[PDB]
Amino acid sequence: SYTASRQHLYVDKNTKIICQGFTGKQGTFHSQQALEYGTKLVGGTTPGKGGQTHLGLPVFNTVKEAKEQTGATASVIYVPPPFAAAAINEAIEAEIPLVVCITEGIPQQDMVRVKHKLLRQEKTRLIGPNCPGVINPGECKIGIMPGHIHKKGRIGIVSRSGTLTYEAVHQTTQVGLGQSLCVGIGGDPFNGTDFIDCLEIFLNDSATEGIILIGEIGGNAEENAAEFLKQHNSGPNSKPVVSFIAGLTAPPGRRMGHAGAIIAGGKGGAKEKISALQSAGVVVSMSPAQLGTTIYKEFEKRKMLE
């Protein structure tokens, strides 16, 4: 099943990346940043520009050709909303192991169709859309996050929001803890990776000693994660989990920036997510400013420091 591809989330120092939308404005900017950073970006696609050169790297007409010629194992998508679902499907059909879709604004119906294909295969793992990407600090960064605030360490972070991840990352570097793997699953309602997908990886990763789960209003993914944690993180060798849930002050029936951030028909409020997570053993930080201190204290209680 599609769950078999969860492992592809754990990018590392061998991950080779192609950029779909490579010659576009944001594809160019973030590829320029990635190359300055030392990332193993090896090429990119723009239909019709195969055989061109860009940032010293080859451009390809198709993901299939790019994959065959470069051995790429991941792709990152900076393709505009009308065509980005097609770009995701192209990567799935080319069996790229990990696809990271940055694009904001893909029609929800388009993503329901993409998910249909995604769920019926297991070669390709999709993160996104409307997400900032994934980083294994010091080994591989795919997406738009600032690498410098990260430090390789002990905390796995999964988040529906990049700005809140940056808070969590800064706070956990300041107190000396660091990050094992950070996954931004993005703000859209229909996407390729949920909290459980990441929790599975974190709970089985020896490098991950604690977890930060960052959520918000909308949907039921946080509640599903709570049930997963009751089943798989409630006995021996459990790991501390800290969470913050955005949207306590959100009014009902309004999309709070993110397409997926809406309290609809009385469902999706923050209070219910906080309570569900608390019942699964999660320490919910009421303030977004206290994620690092909250997880630090949980390490202290378990005698996990110095």
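Residue numbers here begin at 1 and follow the sequence given.
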- Message: Comparing average C-alpha B factors as deposited, tell me which of 155-163 and 230-238 sits higher.
- Response: 230-238
- Comparing mean C-alpha B factor in the record for 38-46 and 268-276, the higher one is 38-46
- Query: Per the entry, which of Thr208, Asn136, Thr193, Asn220 tops the list for Cα B factor?
  - Reply: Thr208
- Query: Out of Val112, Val79, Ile92, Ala72, which one has a C-alpha B factor higher than all the others in the entry?
  - Reply: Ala72
- Message: Using the temperature factors of the C-alpha atoms in this entry, rank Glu122 within its chain: lowest, middle or highest third.
- Response: middle
- Message: Using only modelled residues of the chain, where does the Cα B factor of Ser243 rank: lowest third, middle third or highest third?
- Response: lowest
- Select lowest, middle or highest to describe the third in which the CA B-factor of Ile96 falls within its chain in this entry. middle
- Going by what the PDB entry lists, where does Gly176 fall on CA B-factor within its chain: lowest, middle or highest third? highest
- Message: Which third, lowest, middle or highest, does the C-alpha temperature factor of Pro129 belong to within its own chain?
- Response: lowest
